[PDB]
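In: So I've got this experimental structure, pasted below with the sequence.
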Amino acid sequence: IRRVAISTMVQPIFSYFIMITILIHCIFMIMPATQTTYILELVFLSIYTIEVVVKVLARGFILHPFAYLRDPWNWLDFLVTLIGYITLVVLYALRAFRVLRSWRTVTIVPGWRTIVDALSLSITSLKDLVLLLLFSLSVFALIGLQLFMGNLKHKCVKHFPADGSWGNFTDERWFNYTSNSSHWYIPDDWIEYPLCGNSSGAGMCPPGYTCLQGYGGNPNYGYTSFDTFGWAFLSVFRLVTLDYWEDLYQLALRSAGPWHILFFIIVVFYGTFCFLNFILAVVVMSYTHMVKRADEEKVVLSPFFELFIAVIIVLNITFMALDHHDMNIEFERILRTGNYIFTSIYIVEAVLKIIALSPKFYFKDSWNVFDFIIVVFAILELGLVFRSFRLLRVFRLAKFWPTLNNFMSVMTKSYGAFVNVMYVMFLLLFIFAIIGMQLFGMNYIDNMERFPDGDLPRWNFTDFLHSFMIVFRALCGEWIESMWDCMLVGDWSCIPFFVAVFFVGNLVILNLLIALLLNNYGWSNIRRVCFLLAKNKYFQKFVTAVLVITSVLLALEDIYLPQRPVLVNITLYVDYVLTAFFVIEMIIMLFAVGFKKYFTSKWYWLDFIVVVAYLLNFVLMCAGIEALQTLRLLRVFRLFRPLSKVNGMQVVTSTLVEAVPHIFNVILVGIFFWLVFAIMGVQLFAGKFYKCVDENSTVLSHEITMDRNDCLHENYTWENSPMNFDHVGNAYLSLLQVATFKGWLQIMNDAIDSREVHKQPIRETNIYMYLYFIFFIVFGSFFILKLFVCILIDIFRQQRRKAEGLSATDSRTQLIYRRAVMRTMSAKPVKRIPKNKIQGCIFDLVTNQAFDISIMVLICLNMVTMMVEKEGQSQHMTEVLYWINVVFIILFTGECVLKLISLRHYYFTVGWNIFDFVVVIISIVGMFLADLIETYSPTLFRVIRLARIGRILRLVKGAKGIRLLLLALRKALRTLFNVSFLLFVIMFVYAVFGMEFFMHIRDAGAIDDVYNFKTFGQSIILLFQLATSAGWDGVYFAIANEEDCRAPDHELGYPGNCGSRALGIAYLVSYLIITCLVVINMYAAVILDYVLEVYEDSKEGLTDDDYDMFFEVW
Ligand SMILES: CN(C)[C@H]1C[C@@H](c2cccc(C(F)(F)F)c2)CC[C@@H]1Nc1cc(F)c(S(=O)(=O)Nc2ccncn2)cc1Cl
Ligand SMILES: CC(C)CCC[C@@H](C)[C@H]1CC[C@H]2[C@@H]3CC=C4C[C@@H](OC(=O)CCC(=O)O)CC[C@]4(C)[C@H]3CC[C@]12C
Ligand SMILES: *[C@@H]1O[C@H](CO)[C@@H](O)[C@H](O)[C@H]1NC(C)=O
Ligand SMILES: *[C@@H]1O[C@H](CO)[C@@H](O)[C@H](O)[C@H]1NC(C)=O
């Protein structure tokens, strides 16, 4: 018995058979359930029961160290088998989790130990981070509840009629009228009522309407609001994750006012640019430790011919990329004949190489066999669709391109880890897709009526394909809208599901892929006087002040400038003075530094271009020609000299300058892959996005209009989608939209409905086309776009090592010991004299730890009491809560006074004691000021009531891991501030240029009355939103429009209202490249470095806490 059990278990055939059974079960799970599936499930369950019995007989149940249930895998199998039998005997929410058994398949791919261990270590190490996450999220949720409570209920309500239609005015009649939903303003075809607010810069009502509060529900089926602590917490989490956050951002600013942007600036800065980087650093550290441990464990044959082949390949690539929709006969003739010529040339190539070189030698080389494969596909395709395979020819360019060759070599060197990570990703996606299908499949069908039009949405859990796709979307970073739909048709259980899918899929697996990439990819008197003036500090300070003042003056040129004659005159005279100032400065710099040195520098060249532009403007104005606004706007670029000289700024500029070439190379490689994918997409979807529409922009059913002829016969419009794959440029732009995850829903909606050309699209008639996008997203976003962060991390590490004076040849242990010595050098103790008998007793009581524990408990109680608050509460509840807060404040005051008396004047020898004292003063002052403010603006009262957060901020005191994280953040604060300042300068420059370019465009897309480029504040709001790439598709659609736009009339003075496609493309693409992919990532780099350091001080060395402990006994 025991012998038989052990012999059966040890044989690999047993494990192989179990694994094959698991794989067939997984395959059957995808297909819909039928009668045969029941018997198949029974057979699988019997097999699993045999396996469990054999293992338990071989080993034992728990009662010895090496029993059956001493292995987590055995535990998982046992629980799944028991759930199976429980469901066999008889809720239906437990049969969904049998798919967990599929996790075992991860063991097949060789090398899975490292990936699984890294995942486990990351999960274990997130313990210190989760608590800080919860605390920060709660604090931000409380702030948002205090700021935006009830603001999202604002609506435009029609004024009470004075004609007597509703009867004589009464309070009850007025309430009845205003409560009616038909009297609330809403534009036709809109789903959500627009928000309003009487604050300056907020949404304005149409004439005859008033902005009121407390009417109707909140946006997004009531799931978006700050009315209660839970909803505020959810909104703050959404903002931190940047999940469709621009919608909430715009709603908040439209309801409350532009100034509230400050709030969003904080949560984004601390939540996104810092904490998520802590998670990334933890994942990187885990993977680094595991990989380190694993490693420790242990004529024709002439250059001219090759150049000819390379040029032929490049001209074939351009011929291939020249394909587009609706080609004329001649263009197709040229492409066809060139294709024949290229194929003949390649056949000649193959025969010549086979003859000159021995066939064995020819087939020994990998590139030669690759070329032969290309030749055979070319012959097969010309003989007889095999056109797609022509794309293989493009890859032949890698042989003659050293950068691409090195990229491919690096990729193939470490394919195993990438394969393991991708397999883990797909297995997790499959498990969640199965679970979500089982949990929410029936909800969509049963409660379909709850949807706005009673129609099934595009994304749902009806079948396996849709569930897998929706989970993939959640992994990509978009989960809140799917969760909204699930709550609408489901219950609370959707929240934990989708939310979970976000943590594992996005914050761990993708971070693990980033860590993988990072590890693997990584006269004399005049001259003398002028020199003296030039190197004087006062002259430089004066120049910098003048430049800053002129930049601020530039910021005042808004849409309202023509209405202010005085401001116009100030600007004109300032420009006239600046021309002379620039000329004189150039002359002095020349006389000081010499022609060669002046013209050998890039900064002096920038100054020379600015001078030339201003002189050109001066001569144009003298001649009577209107000055070129861009040329005079060029002086903003002079601010970069003083910016680079800001203390602590050298490291950031050095990192960026050193990283420029690597960024350029990565951009070239991405352009190559995107060209390949764009050719594929053009071949797939060229000209298939046309559809038939009516007066109103709604697509007709294929039944009424079968094709183009019917559409034109019935006098309808045959319209093309703005985003399409008509030619290579449109394909590039669409792929850029897809990669950034902005506007991709519509793109793939059109793609999956695409049919033959000149045919009406049908809903989900080409579903499998999603595959084409999946691959791209895998290879375009998860790999190519993540090289920038790795490059920045490495270069910043090197530059920070350089700045501190450290040697590049030293090893990590040497640096750790050097830090330990430097810290050991500085240390001084101190003692406090105990207090007189009563004072000494009070001192002894206060010094006890139980006192601190009690204070912490009181802080927790007060924080909960703050959480109790909600929108629409009664006056009694509000007053009781305020009185409880007063009691808490008095208790804290008593504690502070007791500590002060006990410690006499030593209270101020500990920084946290000064913090407590300041918080006490602030609380006791703001508490009294609140009554006076409330008795005699609600926004001001809400803002000044923020002082309550100080007394709850004390909860961080006493922690160890949170203390370490805050230590790392404090060390990195200065570099973070410098990066933020650089980002602000870039945003200012882009704001002025955008305000110059797109100030008069007609309201469309994301541009409207509230959000536009009309003023500096609105432009800054839009650019802050765009710095994360959020909603840039709508901005592009608004600014790039060139249809139904009236041209400007110079004679009549009308400025025009028409956009510019090329200018908008350049603007937005350059901004996205500069900010999203380079400047933002810097944050991560900085964080990571500092974070890493502290841990290697805590684990492999000594920390300040160690010295404090040592001196405690001293
Ligand atoms: C409850 N009403 C009747 C009054 C009682 C007043 C009062 C009058 C006379 C005597 C006393 C006594 F006995 F206590 F001395 C107290 C003191 C204020 C209190 N109102 C209030 C209390 C708070 F806690 C907060 S708060 O939760 O926002 N806390 C904040 C706010 C801002 N800064 C930091 N903390 C806000 C407010 Cl309006
Ligand atoms: C140095 C770095 C790290 C921080 C930079 C400071 C910012 C927080 C400042 C700089 C410019 C400020 C903006 C200047 C102009 C405005 C317009 C202002 O709204 C108005 O114009 C009110 C009048 C109206 O709307 O009618 C709202 C605040 C805002 C966005 C300011 C908000 C705070 C900003 C972004
Ligand atoms: C709102 O006013 C319309 C117009 O008189 C009326 O038909 C409707 O019943 C009113 N709403 C309610 C809830 O009574
Ligand atoms: C308006 O008054 C009518 C009775 O005259 C009432 O039935 C209706 O509910 C009121 N509208 C509301 C409460 O929105």
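Out: Perfect, I can see it now. Residues are numbered from 1 along each chain as shown. Ligands and ions are numbered 1, 2, ... in the order given.
In: list the contacts for residue 237?
Out: residue 137 (C-beta atoms under 8 Å, 6 or more residues apart in numbering). Every residue, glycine included, has its C-beta placed from N, CA and C.
In: any idea which element it lies in?
Out: helix 229-241 (DSSP states H and E).
In: buried set for whichever helix or strand comes after that helix?
Out: As assigned by DSSP H and E, the chain's next helix or strand after helix 229-241 is helix 245-256. By 16 or more other C-beta atoms under 10 Å, the buried positions in helix 245-256 come out as 245-256.
In: One more: stretch 792-800?
Out: Within stretch 792-800, judged by 16+ other C-beta under 10 Å, the buried ones are 792-797, 799-800.
In: again with stretch 450-466
Out: For stretch 450-466, a neighbour-count test (16+ other C-beta under 10 Å) marks 457, 459-464, 466 as buried.
In: Which of those fall within helices?
Out: Judged by DSSP state H, helices contain the following of the buried residues of stretch 450-466: 464, 466.
In: Distance to residue 117 for the buried residues of stretch 450-466 - can I get that in CSV?
Out: Shown next, in CSV, are those (distance: C-beta to C-beta, whole Å):
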residue, distance to residue 117
457, 40
459, 35
460, 37
461, 33
462, 38
463, 36
464, 31
466, 34
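In: Burial check on the residue of the stretch 901-1050 of the chain found nearest ligand 4, number of neighbours?
Out: The stretch 901-1050 of the chain approaches ligand 4 most closely through residue 938 (26.3 Å), counting by C-beta to the nearest ligand atom. Residue 938 has 8 neighbouring residues, counting by other C-beta atoms under 10 Å.
In: That one and residue 225: what is the separation?
Out: Shown here: residue 938 relative to residue 225, a distance of 18 Å by C-beta to C-beta, to the nearest Å.
In: which residue packs closest to residue 400, ignoring adjacent ones?
Out: Spatially, and ignoring its direct neighbours in sequence, residue 400 is nearest to residue 310 (4.4 Å; C-beta to C-beta, 6 or more residues apart in numbering).
In: Please, which helix or strand holds the one you found?
Out: Short version: residue 310 belongs to helix 303-321, going by DSSP H and E.
In: other SSEs contacting that helix?
Out: Helices and strands touching helix 303-321, by 3 or more C-beta pairs under 8 Å, 6 or more residues apart in numbering; DSSP states H and E, are helix 329-356, helix 391-395, helix 397-400, helix 650-685.
In: can you pull the alpha-carbon coordinates of it into CSV?
Out: This file holds the C-alpha atoms of helix 303-321, laid out as CSV (Å, rounded to 0.1, in the frame of the first residue of the first chain):
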residue,chain,number,x,y,z
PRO,A,303,30.8,44.4,-49.4
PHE,A,304,29.5,46.2,-52.5
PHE,A,305,27.0,43.4,-53.1
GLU,A,306,25.8,43.6,-49.5
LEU,A,307,25.3,47.4,-49.8
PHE,A,308,23.3,46.8,-53.0
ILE,A,309,21.1,44.3,-51.2
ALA,A,310,20.6,46.7,-48.3
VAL,A,311,19.5,49.6,-50.5
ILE,A,312,17.2,47.2,-52.4
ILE,A,313,15.6,46.2,-49.2
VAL,A,314,15.2,49.8,-48.0
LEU,A,315,13.6,50.7,-51.4
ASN,A,316,11.3,47.7,-51.1
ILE,A,317,10.3,48.8,-47.6
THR,A,318,9.4,52.3,-48.9
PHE,A,319,7.5,50.7,-51.8
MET,A,320,5.6,48.5,-49.3
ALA,A,321,4.9,51.5,-47.1
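In: show me the contacts for residue 1002.
Out: Per C-beta under 8 Å, 6+ apart, neighbours of residue 1002: 1041, 1045, 1057-1058.
In: now do 7 Å
Out: By C-beta atoms under 7 Å, 6 or more residues apart in numbering, the contact set of residue 1002 is 1045, 1057.
In: again, but for the one 3 residues further on
Out: With C-beta under 7 Å, 6+ apart as the criterion, the residues that contact residue 1005 are 1034-1035, 1037-1038.
In: Apply 6 Å and report the result again.
Out: Listed by C-beta atoms under 6 Å, 6 or more residues apart in numbering, the contact partners of residue 1005 are 1034, 1037-1038.
In: Which of the three states applies to it?
Out: Assigned by DSSP: H, G, I helix; E, B strand; the rest coil, the conformation of residue 1005 is coil.
In: Ramachandran coordinates for it?
Out: phi 60, psi -130 (degrees, to the nearest 10).
In: Residue 25 versus residue 192, what's the distance?
Out: For residue 192 relative to residue 25 (C-beta to C-beta), the value is 45 Å.
In: returning to what we had before: how far away is the residue of the stretch 901-1050 of the chain closest to ligand 4 from ligand 1?
Out: 12 Å (C-beta to the nearest ligand atom, to the nearest Å).
In: Roughly how far does that residue sit from residue 152?
Out: Taken as C-beta to C-beta, the span from residue 938 to residue 152 is 15 Å.
In: do the same with residue 608
Out: 53 Å.
In: Could you check which helix or strand contains residue 1020?
Out: helix 1016-1026.
In: Please give me every residue in contact with residue 389.
Out: Applying C-beta under 6 Å, 6+ apart, the residues contacting residue 389 are residue 377.
In: got it, and the one 5 residues further on?
Out: Listed by C-beta under 6 Å, 6+ apart, the contact set of residue 394 reads 317, 676.
In: Relative to ligand 2, how far out is it?
Out: 45 Å.
In: for residue 397, same thing?
Out: 45 Å.
In: what about that residue, distance to ligand 4?
Out: From residue 397 to ligand 4 the distance is 70 Å (C-beta to the nearest ligand atom).
In: quick one: contacts for residue 753?
Out: 761-762, 765.
In: Kindly recompute the last result at 8 Å.
Out: Per C-beta under 8 Å, 6+ apart, neighbours of residue 753: 761-766.
In: closest to ligand 4 among those residues?
Out: For the contacts of residue 753, the nearest to ligand 4 is residue 763 (38.3 Å; C-beta to the nearest ligand atom).
In: ok, residue 517 touching residue 783?
Out: Yes: when contacts are counted by C-beta atoms under 8 Å, residue 517 is listed as touching residue 783 (7.1 Å).
In: where along the stretch 501-650 of the chain do the helices fall?
Out: Remark: helices assigned in the stretch 501-650 of the chain by DSSP state H, counting those that start in this stretch are 510-520, 524-534, 537-554, 565-593, 595-599, 602-623, 629-633, 640-644, 650-685.
In: what comes up buried for the third one?
Out: To tie it back to what came earlier, the one meant is helix 537-554. Quick answer for helix 537-554 (16+ other C-beta under 10 Å): 544, 546-547, 550-551, 554.
In: for the longest one, same thing?
Out: Neighbour counts using 16+ other C-beta under 10 Å place 651-656, 658-659, 662-663, 665-666, 669-670, 672-685 of helix 650-685 among the buried residues.
In: next one: stretch 72-86
Out: The neighbour-count check on stretch 72-86 (16+ other C-beta under 10 Å) flags 74, 77-78, 80-81, 83-84 as buried.
In: And for stretch 1054-1070?
Out: 1057, 1059-1060, 1064-1065, 1067-1068.
In: re earlier: restricting to the buried residues of helix 650-685, which residues neighbour ligand 1?
Out: Among these, proximity to ligand 1 is found for none (C-beta under 6 Å from any ligand atom).
In: And the residue of the stretch 651-800 of the chain found nearest ligand 4, its phi and psi?
Out: Residue of the stretch 651-800 of the chain nearest ligand 4, by C-beta to the nearest ligand atom: residue 696 (30.5 Å). Torsion angles at residue 696 (phi, psi; degrees, to the nearest 10) stand at phi -90, psi 140.
In: What of the one 4 residues further on?
Out: The phi and psi values for residue 700, taken as degrees, to the nearest 10, are phi -80, psi 160.
In: I'm done for today, thanks for sticking with me.
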